[PDB]
Amino acid sequence: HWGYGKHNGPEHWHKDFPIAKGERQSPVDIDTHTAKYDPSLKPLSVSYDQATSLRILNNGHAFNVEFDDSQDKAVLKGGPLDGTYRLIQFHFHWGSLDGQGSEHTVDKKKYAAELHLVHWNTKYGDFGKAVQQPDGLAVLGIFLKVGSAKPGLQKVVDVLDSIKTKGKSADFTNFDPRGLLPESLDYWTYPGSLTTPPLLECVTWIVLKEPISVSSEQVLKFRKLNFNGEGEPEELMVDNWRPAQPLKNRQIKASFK
Ligand SMILES: COC(=O)c1cn(-c2c(F)c(F)c(S(N)(=O)=O)c(F)c2F)nn1
Ligand SMILES: [Zn+2]
Numbered sequence: 004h005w006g007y008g009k010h011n012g013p014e015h016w017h018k019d020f021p022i023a024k025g026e027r028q029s030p031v032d033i034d035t036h037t038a039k040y041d042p043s044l045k046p047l048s049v050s051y052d053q054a055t056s057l058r059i060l061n062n063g064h065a066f067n068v069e070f071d072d073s074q075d076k077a078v079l080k081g082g083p084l085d086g087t088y089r090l091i092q093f094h095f096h097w098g099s100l101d102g103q104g105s106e107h108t109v110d111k112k113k114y115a116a117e118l119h120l121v122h123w124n125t127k128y129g130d131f132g133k134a135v136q137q138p139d140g141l142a143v144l145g146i147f148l149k150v151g152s153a154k155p156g157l158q159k160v161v162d163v164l165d166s167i168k169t170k171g172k173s174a175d176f177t178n179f180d181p182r183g184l185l186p187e188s189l190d191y192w193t194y195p196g197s198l199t200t201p202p203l204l205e206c207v208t209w210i211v212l213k214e215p216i217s218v219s220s221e222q223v224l225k226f227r228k229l230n231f232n233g234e235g236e237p238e239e240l241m242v243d244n245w246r247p248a249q250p251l252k253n254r255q256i257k258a259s260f261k
């Protein structure tokens, strides 16, 4: 089954998921000088005040903090989007070293990690239907650099000991994802895909210009997680990122000059 190792990693995925070589794959390099300012792009509207987190899960490729998406409680609107997208989960991708870990790159620069806040278009009724549509998901991507701690991340870091291995979950209620956002909501946007199998081409990517800083101790704790299940040989969950894919017939738009 797919993963991030030498024998089942990103270079292999196309054999089970041929869309890996498709026309709108993610992530991509964001060439800041070639991105086009679009003065008609609207500000993002991030409405997370009524967010209801439920659970945190190690799924063997990352950890997901899951939300109640059975009502419009935490929604993303505006920006390049038409309509309303509901927050279902967030997760991260990260490296074995501080100089790698992000999926998107900026002028070929890699960040230590990348946060994905995953939302689905409510006109499609459920997440499973949404991923089958070209405008089904909106993923808000936020870069992490190592420096000062992010206080709003700490509750996530503190629970990781309880979900060390694949298939473990823990209650994770009353977490406020607003504490993970940078000051600015300036962004780049382009049409792309899920960055893990099934690699479906259903995502409007919205990548924030401003990274958040996290501490070395915070990201070290991410790196103590395991890809494996309990009782299986230990394989540290690190380098769970897909590299940049060809841009092909796409232009990245910027909300800012
Ligand atoms: C049963 O189905 C699942 O578990 C499932 C998981 N995903 C999923 C994914 F593959 C992905 F790459 C990204 S990303 N990294 O934000 O683009 C996501 F946000 C995802 F939600 N899609 N389907
Ligand atoms: Zn992701």
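Read in order, the letters of the sequence shown correspond to residues 4 to 125, 127 to 261 in the entry's author numbering. The beta-carbon is built from N, C-alpha and C at its ideal position, and this holds for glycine as well.
- Message: So for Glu14, helix, strand or coil by DSSP?
- Response: Coil at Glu14, not helix or strand.
- Message: Quick check on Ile33: does DSSP put it in helix, strand or coil?
- Response: strand
- Roughly how many angstroms lie between the CA atoms of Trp5 and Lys228, to the nearest whole one? Between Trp5 and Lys228, the C-alpha separation is close to 21 Å.
- Item | Alpha carbon of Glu238 to alpha carbon of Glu221, nearest angstrom | 21 Å
- Which class does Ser173 belong to by DSSP, given the choice of helix, strand or coil? In the structure shown, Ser173 sits in a strand (DSSP, three-state: E or B).
- Item | Residues sharing a beta bridge with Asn61, DSSP | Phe66
- Range of the contiguous alpha helix (DSSP H) that encloses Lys133: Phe131 to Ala134
- Query: Under a three-way DSSP split, which group does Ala115 fall into?
  - Reply: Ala115 falls in the coil class under three-state DSSP.
- Validate contact between the region 178 to 187 and the region 15 to 29 using beta carbons, cut 8 Å, 3 pairs: no
- alpha helix (DSSP H) runs wholly inside the region 216 to 258, at least 4 long, in chain order: Fully enclosed alpha helix (DSSP H) runs of 4 or longer: 220 to 226.
- If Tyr194 sits next to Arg254, beta carbons under 8 Å apart, how far is it from one beta carbon to the other, in whole angstroms? Confirmed, about 5 Å.
- Message: Beta-carbon distances below 5 Å to any heavy atom of ligand 1 define the shell here; list its residues in chain order, please.
- Response: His119, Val121, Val143, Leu198, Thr199 and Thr200
- Query: Taking just the CA atoms, how far does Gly235 sit from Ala134?
  - Reply: 36 Å
- Item | Inter-residue Cα distance where the pair is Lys168 and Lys39 | 42 Å
- Message: What would DSSP say about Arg27, mapped onto helix, strand or coil?
- Response: coil
- Message: Contact defined as beta carbons within less than 8 Å: I believe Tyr88 pairs with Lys80. What is the distance between those atoms, to the nearest angstrom?
- Response: 7 Å
- Task: For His36, verify whether its CB is less than 7 Å away from any heavy atom of ligand 2.
- Result: no
- Message: Measuring alpha carbon to alpha carbon, tell me which residue in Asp32, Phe260, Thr37 and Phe93 is nearest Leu189.
- Response: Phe260
- Distance, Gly98 Cα to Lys149 Cα: The straight-line gap from Cα to Cα measures roughly 11 Å.
- Find the nearest neighbour of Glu187 within the set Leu47, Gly25 and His15, judged by alpha-carbon distance. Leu47
- Message: Between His107 and ligand 4, is there a pair consisting of the residue's CB and a ligand heavy atom that are separated by less than 7 Å?
- Response: Inclusion of ligand 4 in the displayed structure is not the case, the ligand content consisting of ligand 1 and ligand 2 alone.
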